[PDB]
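Next up: just one chain, as structure tokens, the form deposited in one PDB entry.
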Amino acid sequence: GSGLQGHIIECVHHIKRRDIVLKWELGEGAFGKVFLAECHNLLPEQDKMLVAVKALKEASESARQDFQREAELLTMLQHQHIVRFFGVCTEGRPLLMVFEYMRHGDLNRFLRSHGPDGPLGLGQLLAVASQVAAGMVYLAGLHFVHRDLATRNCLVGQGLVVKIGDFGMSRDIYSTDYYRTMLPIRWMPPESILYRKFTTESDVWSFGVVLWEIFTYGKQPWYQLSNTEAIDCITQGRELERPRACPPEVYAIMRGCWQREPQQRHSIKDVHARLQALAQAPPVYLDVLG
């Protein structure tokens, strides 16, 4: 149910196994593990560089063919706000996908660790939002539907650089963010919960939810409610409240992403243009004054 596979239906670089030196396990899911590794002879002037390596547990013909198609699409995705894909290693089991290493981990973990529970300021929160929007503009321009846009599926590198990307293990690491196939219901618009239909318009809705995560420093949307209760609020048209750290100007943008009718939601290009203008000239808003 990945966006990569969704886009596949609707030359890959090969790295020698011996050029990869596994250093530590970063995470794991049902499909395999993710390692921190050193990769030799990959980038110029960097005889050694850190990479994140996704290892696939299953080595069957269908898993191999799916892997290849995903690797072809990942090679094609090239943007400043998309996690860099360096290539594969198909030298037997486990099949490996090599990505750049994002030193601050996923954006949800980053927000929670840089929040009140020092804390990121308004200008930094707007820069994070603008970068996530820029990656989504790129994906929409390719008619690529993410299907699971959320802060847990964004990564943070050196110098507050934020990019869209994940190692396909969020349904395991953040199982609490999904409901049973495992659907990310708190991030979904009513037509996706009801008809299980994902579009660029449903990605825009999830972007509004990402904005809410950003300005609550990574809190789960509808945190006071159970999964079935959250489905009810969304299908009935209840809206997430404006976070305290969120200026009215950003809340108006979220509300634009959350129009009930998919055809009435702002385009991501317009959402990005608005957030970019606010990141360069932040509104004078003190969260303490509300």
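For every residue, the number given is its place in the sequence shown, counted from 1. Rigid core: the largest C-alpha set superposing within 1.5 Å between the two forms.
Keep in mind the form deposited in another entry is missing from the figure; the text below concerns it.
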Superpose on the rigid core and name the single residue from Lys219, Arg93, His79, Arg103 whose Cα moves by 2 angstroms or more between this form and the one not shown.
-> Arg93
Align both forms on the core first, then report whether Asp270 has a C-alpha shift of 2 Å or more between this form and the one not shown.
-> no
Taking the rigid core as the superposition reference, indicate whether the CA of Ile20 shifts 2 angstroms or more between this form and the one not shown.
-> yes
